[PDB]
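Below you will find one chain, with nothing else, as structure tokens; this is the form deposited in one PDB entry, and questions on how it binds or moves follow later.
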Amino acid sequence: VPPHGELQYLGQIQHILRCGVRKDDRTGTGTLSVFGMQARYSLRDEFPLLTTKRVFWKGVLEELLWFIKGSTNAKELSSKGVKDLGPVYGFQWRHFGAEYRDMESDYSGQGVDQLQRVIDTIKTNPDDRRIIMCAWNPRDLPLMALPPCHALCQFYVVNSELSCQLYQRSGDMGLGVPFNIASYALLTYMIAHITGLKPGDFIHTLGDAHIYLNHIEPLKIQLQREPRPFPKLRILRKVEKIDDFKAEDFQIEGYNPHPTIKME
């Protein structure tokens, strides 16, 4: 280019199963879909890493750190242990609107650094209503002129607390949502850390909220599992720049999830 927060996710799954309508996706299989959903996860002295199934936290932290450095090299992520990709979210977050060339091209000072702009705006005017960052699906870029974004994050500050609202055009409830809740909650913790603010709430809003048919049986089982109190996220070191964050700087404490659930 207070009830356990997890209950909302479980309620949404249950709602899609009973009320969702069959709808085909771009490619793959059919889904059960509902349009328009929203859930709020408190980030106050607790982290929304879902417990009704073991979430791949290692992949969340590692993928996010990869996006922050604006690296578009998959080999730089696959090595970290999580398994030229083009203008991925990383390139978009730090070099928005530039012009992608290669994974080795230096885009220093090229394009708008949406991420730094968010941090800068939080510092220059916490009341600002335009603290927004957007991401596109790489495959849409060459498809048309001025294509719509895939997701957007809006930040909000009040009473020394930072909140974030993620709006996603579509959400794969079985495989994608649990992971993304952790990803953006984490991003919020990071930004809050460097702007001297305390994490507030993470609001997850979806357009086409859907469950792939091959995930129905596994989710029905996940629904029988009672949530365990959410863990906590600790930032061991004091960081001043969003680029100075390292995986070793974060530590999940008290995470007691139910067994892993494989979603095809």
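We call the rigid core the largest set of C-alpha positions that still match within 1.5 Å between the two forms. We number the residues from 1 along the sequence you see.
Beyond what is shown, the protein has a form deposited in another entry; the following relates to that form.
Visitor: Please name the one residue from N125, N137, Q110, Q116 with a C-alpha displacement of 2 Å or more between the shown form and the other one, using the rigid core for the superposition.
Guide: None of the others reach 2 Å, which leaves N137.
Visitor: Core aligned, does the CA of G28 move at least 2 Å between the shown form and the other one?
Guide: Yes, shifts by 2 Å or more.
Visitor: Superposing on the rigid core, I want to see if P148 changes position between the shown form and the other one - specifically a Cα shift of 2 Å or more.
Guide: After core superposition, the displacement of the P148 C-alpha between the shown form and the other one reaches the 2 Å mark, so yes.
Visitor: Taking the cut-off of 3 Å or more as given, in which direction does the distance between the C-alpha atoms of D172 and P138 change in the other form, closer or farther?
Guide: It is farther: the C-alpha separation of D172 and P138 rises by at least 3 Å in the other form.
Visitor: Do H150 and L50 move together or apart in the other form, judged by C-alpha distance changing 3 Å or more?
Guide: Compared with the shown chain, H150-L50 is closer in the other form.
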